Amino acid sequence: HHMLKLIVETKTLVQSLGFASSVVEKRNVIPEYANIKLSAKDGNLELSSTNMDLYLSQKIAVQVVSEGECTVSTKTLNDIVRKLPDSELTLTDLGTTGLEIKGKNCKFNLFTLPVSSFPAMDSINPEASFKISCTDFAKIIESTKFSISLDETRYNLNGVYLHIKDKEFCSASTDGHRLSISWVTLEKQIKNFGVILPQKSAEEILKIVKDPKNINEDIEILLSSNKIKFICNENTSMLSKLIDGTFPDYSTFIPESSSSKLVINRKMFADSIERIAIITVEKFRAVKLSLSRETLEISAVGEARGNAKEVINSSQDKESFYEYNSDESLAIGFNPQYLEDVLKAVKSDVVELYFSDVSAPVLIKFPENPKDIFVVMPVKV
């Protein structure tokens, strides 16, 4: 009966198909069989994309000529729409002919798959529900997604721990070797609750909130024991399953005391670590920080490759800033990637590193970023 027909701005459809494709990508590949549901109703086109773990619904304004729904291959629709030059396209369900995608000079017919086979979005019964700005949400995921464990066998670490703590919404991640924590203050008291969001879901919702149409708006977060739902700026909803696991108590992992402090230009430090780390081998990814008031020497060795050293001098100039406030020298080793991950996560002129002994973790903080904390365990050098 109801046959979909709409006219849509091509660039807007391309953007929505990009998110619909990304959310079901299981490697760098859209599954050949993945389908997208297209629902034209009430001035809008709703695009739905889902797999076993995730459900994404997007609504975009279109010219709805006839109400209706159909489903087609996600990858094929994505591939075609990105190669049409027209500023607008017409989409028409022609029944046995398929879904017609029509520009000025060209027509594609995509065989449809029945809507009756397409899953509806699950319901959610939220334990907690609240809204924060998309800027604040992007920050806490940006600051924590890099230190999730990529080891699938460490189930409770293959995601970010999203949890409410008093009036603070926090994301924490750890992989056994480092800890990242980032939070935002909530305006209302909510029941303390905590869930582990899978890596892929965290990556996808981050890209959604960072979209220029969303980054200056708000995201609603609905938490339950088995599901989490994100409603980003009204018109995009993502539902995710949760990782069945218990996030470690990271409480005692944060150093309460330190005996020395490094303040250093962030880019200078990051670029030097990167350079010096080149000579290392996978069997021993480590750089040595030989810290003193006058100089920092960053050095490394690579078995059967060579060695490397860069010297950073004390400086009060912003672009080369280096200060280390101790009469005692400290030589402490770190996996360079763990330091680089943190340094890349926060855009700050300088970074602060708080140390104790050679066997204790470093606590890393950025000025003007009071709600981000990073802890990294050393390695023997």
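Start at 1 with the first residue shown and count on from there.
Return whichever of 316 to 324 and 38 to 46 has the greater mean Cα B factor according to the PDB record.
Higher mean C-alpha B-factor in the PDB entry: 316 to 324.
Mean C-alpha B-factor higher for 108 to 116, or for 146 to 154?
Higher of the two, by average CA B-factor, is 146 to 154.
Tell me, please, which of 64, 332, 345, 52 has the highest C-alpha B factor according to the deposited entry?
The record points to 52.
Could you tell me which one of 165, 83, 288, 210 shows the highest CA temperature factor in the PDB record?
Reading the PDB entry, the winner on C-alpha B-factor is 165.
Consider only the C-alpha atoms of the modelled residues in this chain, order them by B-factor as the entry records it, and name the third containing residue 3: lowest, middle or highest.
Residue 3: CA B-factor falls in the middle third of its chain.
Name the third of the chain's ranked CA B-factors that contains residue 375, choosing lowest, middle or highest.
Ranked within chain, residue 375 CA B lands in the middle tercile.
Can you tell me whether residue 266 has a C-alpha B-factor in the lowest, middle or highest third compared with the other modelled residues of the same chain?
Lowest third - that is where residue 266 ends up once the chain's C-alpha B-factors are sorted.
Third of the chain's Cα B-factor distribution that residue 29 belongs to, per the entry:
For residue 29, the deposited C-alpha B-factor lands in the highest third.
Per the entry's values, where does residue 358 land by CA temperature factor relative to the rest of its chain, in the lowest, middle or highest third?
For residue 358, whose C-alpha B-factor we compare with every modelled residue in the chain, the answer is the highest third.
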